[PDB]
Every structure is written in structure tokens, then in C-alpha cells.
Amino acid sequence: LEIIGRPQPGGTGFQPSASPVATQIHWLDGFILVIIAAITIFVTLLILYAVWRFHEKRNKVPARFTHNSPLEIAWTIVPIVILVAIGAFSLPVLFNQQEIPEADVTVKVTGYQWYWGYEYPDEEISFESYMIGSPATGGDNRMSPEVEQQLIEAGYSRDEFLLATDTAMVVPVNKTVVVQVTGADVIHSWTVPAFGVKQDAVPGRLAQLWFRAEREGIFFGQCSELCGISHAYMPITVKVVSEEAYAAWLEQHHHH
């Protein structure tokens, strides 16, 4: 399996897309980026031009005007136009994002201090996920020879430290995975940048997100609501595998 959903050295862009929702985010952000770069360049050039053109040495007698009705109309309407154009593309994407479809696969996720509990109610499977390197795997949240050995043994390298967990949420490719997210003690937040998903894990509340992974591989997330001493140290690993390998994984957990 290829490591796809992760940060890359010196990166300035998004993490690779692996879901149709992620792709919409990449697209909507890239669209707004062009606009906001234009506004920024525009405002910057105006400021630099005015400072050059109207410098005291170059312009000795100041104008006295405090009005320009046509310009004030234009400069109000145009911003309003820009925002409506954005919303026109933005709202459908939001609607696609928050309307939870019918599940092919259902995982219930619970945040704890400081690890993640996974449960597959249709399969009677459940387990906990700890960062490789945490007290659970014998570490104390830092890199060491032991932690590097444990990362290799598990199919990773020392570059995935802080992202890699001892167990993964395994799901099939091209299937609608619905994830139900809650918290057991304090608030956490469950996220996978590559899927374009993030949902706070709030005690007393059960919330839902959805994704459909479009390619196989490994994808990481990190707890995204400050939750105590090991907030930096309770990541998420999702392995997207074929329909057959997913069943194989399922059967490996079946108690006979």
C-alpha cells in the first residue's frame, strides 16, 4: 500500500485528494485563491502606486475631495458580486458534504484521552488505536530506536512517526463509508485531510461524516481539538484496500 494522505517536506499545497469531497475542496479553494490573490495584488499595487504618484516631492499641493459617488457605488457592488459568485459555487459543495448518504460501511469512532476507539457495528469488530511510540506501545511519545523498529515492523518508516498507529481503520475502496464520531471524556476531533473530512468528537453527542475513497492506500490524520497533555500524540490511520482484502481483514477478526 502506497502512503498517500500525509504531509510532504516543504509542502505549500493541500494533501493529495482521495475522495470526491476532497477534490471539491481543492477546486473551491483554488478558485477563491485566484480571486484573493487578485484582490491582494490589486490593493498592494494601488498602495505602492499612490505612494509613488502622490509623494510630497512629486505632488506638492494636496487634493481636497472626500467623495466620488460612482466609485463608491462600484466599489461596494463589486465585492457583493464576488461573494455571491463564491457562495453560488460554495453552497452546493457544502450540501454535498453535510448530507449524509446511505452507508456501505459504518464505523463508529470514539475519542479518548489519548487514543481512538473504532467499532464496526455490522461486523461486531472493535479495537483501540494508539500512536506508535506512545506509552501503550511502550514508548513515551518521542522517537527512539525501539519506536523506529516498531514503525518498520508495522509497514512504515521513521518518517511516519506521529502519524502511524498500531492498528488502522481498514475500509474498502469506492464504497460509501459513514463514520459516527463521539468523545468519551473531553472533546477531540477526527479528521483525514485526504478525504476532506473533520468532525469534532463531542461527549454526549453522536455526529456523522461520510467519505468514499477513490484509491487504495494509507492516509493519516491528527486529533484536531486540544484535548490535554497528549493532543499532539493521538493520530488517525485509515487503510483503503480492495473489496477482497477488506473481507479478508473482516474474516481475520471473526471469532468461530
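Sequential numbering from 1, following the sequence displayed.
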Mean C-alpha B-factor higher for 63-71, or for 214-222? 63-71
Between 128-136 and 172-180, which has the larger average Cα B-factor in the PDB entry? 172-180
Top Cα B-factor in this entry, restricted to 202, 227, 51, 192, sits on 51
Which of 160, 99, 166, 185 ranks first by CA B-factor in the deposited coordinates: 99
Based on the entry's values, in what third of the chain does the Cα temperature factor of residue 110 lie: lowest, middle or highest? lowest
Going by the recorded CA B-factors, say which third of the chain residue 90 sits in, lowest, middle or highest. highest
Using the B-factors in the PDB entry, rank residue 145's C-alpha atom against the chain and give the third, lowest, middle or highest. lowest
Residue 79: CA B-factor among chain residues, third -> highest
Sort the modelled residues of this chain by their C-alpha B factor and say whether residue 197 lands in the lowest, middle or highest third. lowest
